[PDB]
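As structure tokens, the structure follows; a few thoughts come after it.
There are 4 protein chains.
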Amino acid sequence: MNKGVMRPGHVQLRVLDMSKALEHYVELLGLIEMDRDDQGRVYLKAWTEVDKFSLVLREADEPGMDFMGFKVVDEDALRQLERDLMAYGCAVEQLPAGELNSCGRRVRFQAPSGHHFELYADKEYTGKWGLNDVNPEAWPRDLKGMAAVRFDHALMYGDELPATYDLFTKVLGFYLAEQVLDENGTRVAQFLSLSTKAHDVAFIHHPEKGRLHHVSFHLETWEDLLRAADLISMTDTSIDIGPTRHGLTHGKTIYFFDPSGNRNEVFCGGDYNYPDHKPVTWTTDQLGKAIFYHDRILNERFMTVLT
Amino acid sequence: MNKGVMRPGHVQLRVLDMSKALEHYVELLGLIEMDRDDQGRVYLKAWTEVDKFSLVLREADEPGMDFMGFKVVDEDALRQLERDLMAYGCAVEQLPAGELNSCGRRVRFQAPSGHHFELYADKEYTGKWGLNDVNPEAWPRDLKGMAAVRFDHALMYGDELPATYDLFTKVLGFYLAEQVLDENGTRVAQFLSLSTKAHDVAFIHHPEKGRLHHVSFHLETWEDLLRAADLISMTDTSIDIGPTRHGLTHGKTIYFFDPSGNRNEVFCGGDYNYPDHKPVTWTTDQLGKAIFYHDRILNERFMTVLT
Amino acid sequence: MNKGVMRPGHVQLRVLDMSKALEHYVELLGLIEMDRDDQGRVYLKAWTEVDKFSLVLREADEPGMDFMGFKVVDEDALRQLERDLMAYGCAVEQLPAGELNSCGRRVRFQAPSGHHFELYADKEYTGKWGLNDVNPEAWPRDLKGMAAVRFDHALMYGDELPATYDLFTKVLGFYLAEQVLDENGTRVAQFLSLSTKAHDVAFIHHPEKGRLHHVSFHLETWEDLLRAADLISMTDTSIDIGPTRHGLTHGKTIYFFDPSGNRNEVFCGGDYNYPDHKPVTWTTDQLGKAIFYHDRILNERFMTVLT
Amino acid sequence: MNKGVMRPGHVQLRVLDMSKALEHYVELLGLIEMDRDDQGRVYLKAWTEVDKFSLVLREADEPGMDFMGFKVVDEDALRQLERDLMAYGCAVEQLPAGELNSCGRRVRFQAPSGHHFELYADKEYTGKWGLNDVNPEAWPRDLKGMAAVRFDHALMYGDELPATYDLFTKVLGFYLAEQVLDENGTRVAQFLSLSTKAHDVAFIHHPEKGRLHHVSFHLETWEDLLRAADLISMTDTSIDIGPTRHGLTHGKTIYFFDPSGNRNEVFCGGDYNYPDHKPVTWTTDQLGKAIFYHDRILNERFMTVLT
Ligand SMILES: [Fe+2]
Ligand SMILES: [Fe+2]
Ligand SMILES: [Fe+2]
Ligand SMILES: [Fe+2]
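Chains as they are written, first to last, in the deposited numbering: chain B, 1 to 307; chain D, 1 to 307; chain C, 1 to 307; chain A, 1 to 307.
Here it is, written out as structure tokens:
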């Protein structure tokens with residue numbers, strides 16, 4: 001929030017089968033569908049979210065992430081981060097309003113790590129789902145599946161971490177919240193925050209660019225996580241790593257896959273920070289614990305399986 | 001966070017007896033006693049907090065709050081903010097570094113409602129309590145009582161909300177998160193946020209200035225609230241409102257008093273928002289439910305007992 | 001279980017309006033309507049329950065309890081008890097099988113305190129609602145409201161507690177797990193257990209016989225209690241006493257009312273016991289806390305309101 | 001409880017090191033050391049338990065279980081089961097009162113599965129740990145680590161399942177709560193209960209006699225299970241299977257090991273049942289889900305690591 005960037009606003013994932021993806025995202029995750037495209041894309045949101053959509057699905061031949069967008073305070077900030085990116089040397093793409101139904105104009109650049117990110121000031125305000133603006137209840141009564149609270153963050157596997165770190169900190173205004181260093185003091189992973197969250201975006205080093213480790217969704221409680229895991233067994237969804245706690249951020253989490261092999265994370269309550277806190281450090285000799293607090297060892301497929 | 005204001009950093013409470021008060025804040029709330037000065041004040045903190053203190057107790061002839069200080073992003077910000085206050089015509093007060101042990105210089109000022117607030121750019125960093133900084137544990141091993149996570153906010157009863165609103169949103173950079181208006185569309189209560197919290201400070205209209213409704217400490221889970229309640233009963237503390245939930249901010253709350261009569265609130269899981277979110281509105285005709293979601297009726301003590 | 005008595009089998013409550021009562025009992029509490037008598041008597045059950053029905057509603061001029069049934073192990077246990085009640089000198093009424101739809105024969109009797117209890121050896125077995133018999137899931141997918149686990153117990157306000165005590169222990173094989181004694185060591189409340197529960201049925205002294213204080217349903221967790229209370233507000237149900245804890249049993253509870261004025265308590269996690277534990281004792285000077293542990297004081301409706 | 005058997009009263013385990021064993025059980029588990037006898041046996045208990053002890057460690061150069069005893073109602077039921085055991089054709093062993101400090105006489109036998117069991121009527125009544133008998137608080141103040149509630153049950157890996165089944169049901173008055181059978185309808189595992197618990201003892205088919213799979217302690221909630229997982233991680237205890245849910249019994253669970261290799265379990269909220277319930281069935285084709293509900297796969301250590 002240092003340069004006007006407030007939060008992750010939307011992510012567009014690629015799926016092999018739309019119908020399968022919708023069963024998963026609307027029936028299991030609890031995501032509410034909102035729009036459809038000229039191009040056949042499907043727009044979805046979470047209920048505590050005020051804007052039109054946060055998740056957009058696109059039928060494609062390979063799964064993965066097309067791009068992640070962050071919403072900025074206003075247009076003044078949009079032009080100022082747009083010019084700074086071009087001034088920094090980043091070749092920017094100007095996306096026109098409407099190219100994504102109900103979304104303002106976007107600035108799409110490519111991170112040195114190979115991922116495409118977007119910045120945007122506008123998006124259609126539909127308000128919280130199933131709730132009134134005046135004298136609102138605690139929650140809408142007919143939410144489904146897990147009833148994801150909101151699109152929280154996403155973790156990426158990437159190639160140039162130093163250059164990506166400079167881009168996000170210097171030109172975009174993210175601050176380092178968590179990090180994992182090796183014996184030399186080299187950042188193997190970096191958790192960047194935009195406000196008080198342990199992280200709004202994160203990168204872990206990888207030989208091949210553009211990899212997506214997972215897209216997360218926020219859940220409220222530890223008993224919500226148990227409910228979610230019961231739902232996984234119930235629907236026979238594939239689970240990566242059950243209810244546990246992360247060494248980094250100390251948040252409770254469950255990893256599972258969608259019909260396309262994309263990994264989804266659902267998690268609740270981690271640690272908070274503020275721009276003035278020193279980054280929490282984890283070391284490479286504690287990589288097991290840093291990822292999996294309770295087992296202190298690494299899931300083979302945690303590092304191998306990407307999309 | 002628009003003008004660079006991050007969070008409430010400390011609040012100085014007047015207590016009648018330091019001994020009974022200390023026993024309350026450390027054995028019941030589970031706060032950590034960090035220091036003591038030549039004026040006979042004791043400084044305390046919460047364990048998730050990174051700075052030296054958040055609560056400074058002061059033995060007086062009357063309970064109540066002296067001032068509440070918010071920490072800003074940096075020195076530059078502190079300069080800007082103090083200049084802006086003077087331009088607004090607000091009379092600032094300068095407190096040199098050291099008058100409050102381990103705290104830097106501060107810019108004190110009195111809001112129209114009779115309360116003193118102050119900004120400060122820095123304080124002694126001690127890091128999280130009982131926790132190493134590399135490969136940190138999920139929590140410290142020897143915590144007392146409720147083990148409050150952090151000093152969250154405070155609610156003020158005062159006279160001139162309207163002008164206070166401009167003061168806080170226009171010069172200080174806060175933003176209205178929620179509000180309750182009366183029949184004539186007149187804002188009778190305003191909940192101001194800095195970043196993602198439902199509120200970092202809040203004011204409710206009251207004929208006499210200066211009043212302090214309560215100081216709040218954040219707890220983590222609903223079950224943590226059930227434990228605090230057991231403790232309030234166990235240690236025979238005075239309870240104002242048992243495990244319930246507010247309509248405003250939808251957070252789960254418990255109200256109780258310290259040996260001096262100040263009301264402390266312990267709570268968890270409210271609602272989050274962002275600068276671009278439209279204010280949630282509650283009306284006076286739903287005022288009972290606005291405050292007490294479950295019962296939907298007002299409590300005698302709750303609107304009438306202040307310090 | 002000292003003389004074959006297993007658990008509270010079913011309860012027949014009088015409602016003033018069937019439709020309103022049904023909305024409360026199927027829509028709010030989540031009880032499944034299973035049958036409908038040829039005389040406008042409707043049968044409902046909780047999902048974890050293995051038999052066809054636990055609650056039976058019937059329109060009458062006033063609210064209250066007609067009878068409370070307990071299920072015994074087998075027909076033989078039903079005979080010896082039948083013999084024992086009669087030999088004990090008790091007026092026994094025998095209802096033929098089928099008088100209550102899908103229910104076996106019953107032996108009813110009115111206890112000294114003025115209430116009607118009845119034993120029965122069998123009832124149509126249905127298995128858990130919405131679950132397979134082989135490789136069952138953790139829970140059925142389409143539960144409404146609070147989704148109560150099971151009819152748990154009921155609190156009777158009566159006049160002859162000693163006589164009632166002898167009847168329930170010596171003849172029915174119950175044992176008191178808890179009690180409250182007054183100044184002159186007189187048992188003012190008795191919590192009678194059948195096996196491990198803190199109480200399966202309880203009696204509190206009241207000048208008038210026959211009064212039904214409340215009927216309880218089990219909810220699994222403290223967070224479910226919270227969800228139940230959120231529902232109550234959204235439903236606008238009359239709440240008696242919010243999320244709190246008792247001293248007796250130490251269970252978490254919420255008292256509310258059905259549309260006919262009958263009290264309904266939803267609770268979780270009391271204490272357990274076995275026939276060899278000495279009865280936990282509470283005293284009259286500590287009454288406030290014995291009932292409301294957190295608040296330590298009694299509330300109007302708690303004692304005033306009966307049905 | 002058909003025949004007087006109320007619940008598992010105690011279990012004596014063999015530990016390679018007493019200094020270490022004591023740290024695991026008192027520090028990590030929260031058990032209270034209550035005694036130590038001549039042969040260096042040390043007695044311990046869980047706080048909600050009413051009798052002197054439940055766990056008794058013995059230093060021996062081989063880990064494992066020596067015997068598991070059950071407390072029966074009275075001396076009468078003991079002479080009765082003892083008679084029935086001799087009549088059944090069993091070789092009984094009469095332990096004199098005092099063999100185990102503060103414990104009465106005991107009848108011990110070897111079940112066809114090779115496991116030794118005991119029956120006893122008397123043990124020094126001590127009451128809940130650290131709680132006055134009149135007007136008890138909800139919980140003691142100084143409970144360490146996991147603060148185990150009570151010694152719950154134990155799973156045994158034996159050979160003669162059909163023979164043991166008859167012995168327990170017929171002579172000991174236990175009832176088959178849950179079971180799992182193969183394609184040939186051969187009962188591969190039996191979960192037997194005394195009263196309402198999903199199981200007080202269970203046997204899984206194994207080609208070896210006398211093997212101990214795990215001994216269990218009850219923890220109240222899912223969040224308690226989480227705190228336990230943090231502690232295991234913090235104390236660097238060997239964890240077998242993280243916070244999950246079992247298919248059988250549906251209880252939330254965590255498997256881990258003591259300093260001698262004996263597997264310990266901590267869990268909360270299984271299913272409840274009564275003597276009239278049909279035994280829940282799990283078919284071997286779903287053995288994966290039956291054991292590990294969320295994962296639906298079998299972890300090597302689970303059916304391999306033993307005694
Ligand atoms: Fe994540
Ligand atoms: Fe507050
Ligand atoms: Fe009750
Ligand atoms: Fe077990």
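Note that CB positions come from ideal geometry on N, CA and C, so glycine has one too.
From the options, pick the residue whose C-alpha is nearest to that of residue i; which is it?
| i | options | result |
| --- | --- | --- |
| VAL26 of chain D | D:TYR43, D:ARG14, D:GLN12, D:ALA87 | D:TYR43 |
| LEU22 of chain D | D:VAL72, D:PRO259, D:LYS278 | D:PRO259 |
| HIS214 of chain C | C:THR186, C:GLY261, C:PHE174, C:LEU231 | C:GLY261 |
| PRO112 of chain A | A:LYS209, A:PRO275, A:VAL73, A:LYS20 | A:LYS209 |
| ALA177 of chain B | B:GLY185, B:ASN184, B:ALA189 | B:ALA189 |
| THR235 of chain B | B:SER19, B:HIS10, B:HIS24, B:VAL11 | B:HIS24 |
| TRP139 of chain A | C:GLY270, C:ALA46, C:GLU265 | C:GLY270 |
| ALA154 of chain B | B:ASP84, B:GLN12, B:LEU298, B:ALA290 | B:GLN12 |
| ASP182 of chain C | C:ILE204, C:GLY173, C:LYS252, C:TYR157 | C:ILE204 |
| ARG227 of chain B | B:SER54, B:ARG36, B:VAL266, B:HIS199 | B:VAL266 |
| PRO8 of chain A | A:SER19, A:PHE117, A:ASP295 | A:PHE117 |
| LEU81 of chain B | B:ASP159, B:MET1, B:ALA229, B:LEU28 | B:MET1 |
So that I know if they touch, is there some Cβ in chain A lying closer than 8 Å to that of residue i?
| i | result |
| --- | --- |
| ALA138 of chain D | yes |
| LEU248 of chain B | no |
| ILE291 of chain B | no |
Can you tell me whether residue i is buried or exposed, with buried defined as 16 or more other CB within 10 angstroms of its CB?
| i | result |
| --- | --- |
| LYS170 of chain D | exposed |
| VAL134 of chain D | exposed |
| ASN273 of chain C | buried |
| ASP76 of chain C | exposed |
| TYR125 of chain D | exposed |
| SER193 of chain C | buried |
| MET86 of chain C | exposed |
| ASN264 of chain D | buried |
How many Å lie between residue i and residue j at the Cα?
| i | j | result |
| --- | --- | --- |
| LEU16 of chain C | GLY69 of chain D | 58 Å |
| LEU219 of chain B | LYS128 of chain B | 16 Å |
| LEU57 of chain B | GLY288 of chain A | 33 Å |
| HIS10 of chain D | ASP61 of chain D | 21 Å |
Chain C beta carbons: is any one of them nearer than 8 Å to that of residue i?
| i | result |
| --- | --- |
| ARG106 of chain B | no |
| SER216 of chain A | no |
| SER238 of chain D | no |
| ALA111 of chain D | no |
Between residue i and chain D, is the shortest Cβ-Cβ distance under 8 Å, so that the two count as touching?
| i | result |
| --- | --- |
| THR221 of chain A | yes |
| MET234 of chain A | yes |
| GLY242 of chain C | yes |
Return the chain-ordered list of same chain residues with a C-beta closer than 7 Å to the C-beta of residue i, the five sequence neighbours on each side being excluded.
| i | result |
| --- | --- |
| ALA163 of chain D | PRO112 |
| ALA290 of chain D | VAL180, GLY247, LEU248, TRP282 |
| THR307 of chain A | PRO63, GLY64, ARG211, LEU212 |
Take residue i and list the residues in its own chain whose beta-carbon comes closer than 6 Å to its own, dropping the five residues that flank it on each side.
| i | result |
| --- | --- |
| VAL72 of chain A | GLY4, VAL5, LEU78, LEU119, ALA121 |
| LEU100 of chain B | none |
| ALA97 of chain D | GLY104, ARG105 |
| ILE232 of chain D | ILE239, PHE256 |
| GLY30 of chain D | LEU143, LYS144, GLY145, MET146, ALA147, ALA148 |
Does residue i come within less than 8 Å of chain B when only Cβ atoms are used?
| i | result |
| --- | --- |
| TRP47 of chain D | no |
| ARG301 of chain D | no |
Take residue i and list the residues in its own chain whose beta-carbon comes closer than 8 Å to its own, dropping the five residues that flank it on each side.
| i | result |
| --- | --- |
| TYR293 of chain A | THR244, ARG245, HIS246, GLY247, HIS250 |
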